[PDB]
């Protein structure tokens, strides 16, 4: 295992990973065998990290494990595109606070992987991104009830987002992410693309 406590991207056991946190608190973000990582967080302001791919695609992404967020956290497929700069989520579970909140514009729903998801678009104006300080839209599929474990058929979400005018650019990274906000919690997630 390789345990990290501050921001880093890289590769581990054939998988890409991205891990980011601002200054407050502690994240113990530990890279295990295969597509597995664990996290715990405490007294943090905001952090997101996980394993996946350097270059996103329409691959079907399967994950399993635990997610424990008594306060504000997410368990989500998470990635970026450029041209347009987009930060996207397919949110399967969350903690105290269902995302994206009042900043989100509701656009409709998509049925995928035995769930229904609400589709939202939000905007970030002068915000930190994979290319630095920028203004970018976020695309959200958020499951109507929580789940921890299953397959995410990315094409279904990508196709549904497209039908509501949410354009995906050139894919950057694509990970099964844990996110915490002003809370404490843990997760233990294994990703793959072979069911």
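Positions refer to the first chain, counted from 1.
Taking the mean C-alpha B-factor of each stretch as recorded, 42-50 and 124-132 are not equal, and the higher mean is that of 124-132. Stretches 169-177 and 21-29 differ in mean C-alpha B factor, with the higher average recorded for 21-29. Which of 105, 112, 93, 81 has the largest Cα B-factor in the deposited entry comes down to 105. Placement of the Cα temperature factor of residue 186 within the chain: middle third of the modelled residues, per the deposited record. In the PDB entry, a CA B factor belonging to the highest third of its chain's modelled residues is recorded for residue 85.
Ranked within its chain, residue 7 lands in the lowest third, by CA B factor from the PDB record. The entry lists a Cα temperature factor for residue 161 that places it in the lowest third of the chain's modelled residues. For residue 137, the recorded CA temperature factor ranks within the highest third of the chain's modelled residues.
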